[PDB]
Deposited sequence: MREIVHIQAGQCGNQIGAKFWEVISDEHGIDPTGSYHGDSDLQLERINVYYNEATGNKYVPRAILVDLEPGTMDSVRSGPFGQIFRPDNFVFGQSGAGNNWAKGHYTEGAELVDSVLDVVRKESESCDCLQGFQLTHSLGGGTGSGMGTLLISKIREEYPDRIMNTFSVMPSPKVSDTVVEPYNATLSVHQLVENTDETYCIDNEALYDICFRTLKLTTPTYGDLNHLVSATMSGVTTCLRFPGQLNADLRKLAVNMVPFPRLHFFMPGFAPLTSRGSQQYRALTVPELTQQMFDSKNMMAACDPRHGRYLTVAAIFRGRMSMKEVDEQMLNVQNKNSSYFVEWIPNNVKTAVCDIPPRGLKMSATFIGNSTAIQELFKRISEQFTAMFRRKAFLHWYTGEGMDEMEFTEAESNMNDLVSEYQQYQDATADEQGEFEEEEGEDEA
């Protein structure tokens, strides 16, 4: 358990993936060339989890970039860190998908899944002890959603014992008012319930409400949204990139956070809420369990917590964190399931993120996440009842029975969250 292969698919995948490689490379002290310019150690003890050694004091990210649109090929290179990626990992097709989930999963995407799987091979053989895979993408589009889920199922066939972890971006009309996104998202959630071990549900709906209402951003841009995304991805992977004990196993995370195989959709949170260019222990533990700090548009006070994981970063008293965490579980004792004893894990890390002396990263498996799936299932039903734009998908091989099966599975997923939300122990 050590190496991790990162894959970013589509425009949103490469957009939020690039910001991930720019923030963590600064923490470990990595320049765009790949050299180590850090003044303190511990930045290279777990560096090989996300990087390799390319000879010459060089560290290259274990990243693979894929998008049907060749425009993203130039967008990544033009970035500040768009030169540390390897030219052998860029995989880009001819034409885009046009928000068609069928073009990513059955036609255009299938005509490129073998090109990506070949570079995942030479990357897997470079790993001494691979522990899993990582994928960033959105569910509203056609490439990152249609081809992303297909690539997940293909890598799983060749690596059945490896962990599949994804950072999925939920669609929202407040950021993108495209009416075919509820189609592609529903068809993707149907795939993520089966072929993934843990999915970080990042909701553009929640990201817009944080920038517009809490950060006073009248017209939030994708850079404003991705600032919160890059801050969350760095925190949820803190125990993977720095010592701080607690090992660094994706499977140990899944065993303790996923009580039922279909309920592997996590709700992330971050505190404090900072802007792009712009506390104490009782404050960090307070905002973490606040609905305004959740990266998914759900109120955790509407459901019950099955499992919870919190990561604190910076110099702080481990004794005081134990007091506040054990106390929050009492003021909100009715919001944790009683049939899972000791269902809250606390972790502290020495190195805080840049520009902040202290931080906190919340990872929750709450039943309140059904409010997110209820939102998309309603938009899916409103469009599917009128058969609107359904010929965009039936003309690419896919047929009508998959839309109903995808709809029947998400309502079953909501039924399972409500089932375990009302369960008592007695």
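According to the record, the deposited residues with no C-alpha atom in the structure span 279-283, 432-445.
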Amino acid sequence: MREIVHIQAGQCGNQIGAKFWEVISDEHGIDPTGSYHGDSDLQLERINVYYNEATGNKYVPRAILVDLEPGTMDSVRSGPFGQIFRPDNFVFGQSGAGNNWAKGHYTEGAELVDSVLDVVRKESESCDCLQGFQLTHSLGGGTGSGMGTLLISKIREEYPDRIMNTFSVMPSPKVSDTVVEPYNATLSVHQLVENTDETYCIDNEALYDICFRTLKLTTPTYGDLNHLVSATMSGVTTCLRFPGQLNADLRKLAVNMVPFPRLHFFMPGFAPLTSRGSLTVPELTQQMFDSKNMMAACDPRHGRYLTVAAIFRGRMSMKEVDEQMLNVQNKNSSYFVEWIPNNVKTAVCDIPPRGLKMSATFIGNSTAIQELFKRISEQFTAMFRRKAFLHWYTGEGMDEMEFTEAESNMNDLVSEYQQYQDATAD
From here on, numbers count along this sequence of modelled residues.
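Heads up, when I say rigid core I mean the largest set of C-alphas that superpose within 1.5 Å between the two forms.
Comparing the two stretches 237-245 and 320-328 by root mean square C-alpha distance in 8 other deposited structures of this protein, with all structures fitted on the core, the more displaced one is 237-245. Superposing the other copies on the rigid core and comparing 369-377 to 34-42, farther C-alpha placement in 8 other deposited structures of this protein marks 34-42. In at least a third of the other compared PDB entries of this protein that cover both flanking sides, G277 is left without coordinates. Of the two segments, 133-141 and 286-294, the one listed with the higher mean B-factor is 286-294 (C-alpha atoms only).
When the mean C-alpha temperature factors of 177-185 and 106-114 are read from the deposited coordinates, 106-114 comes out higher. Between the residues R301, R354, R162, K154, the entry's highest C-alpha temperature factor is the one at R354.
Out of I47, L390, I363, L372, the entry records its largest CA B-factor for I47. Among all modelled residues in this chain, the alpha-carbon of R313 has a temperature factor (C-alpha) in the middle third. In this PDB entry, the Cα temperature factor of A382 sits in the bottom third of its chain's modelled residues, the lowest group. Annotation for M401: C-alpha temperature factor in the middle third relative to the rest of the modelled chain, per the entry. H264: CA B factor lies in the lowest third for its chain, per the PDB record. Annotation for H227: CA B-factor lies in the middle third of the chain's modelled residues.
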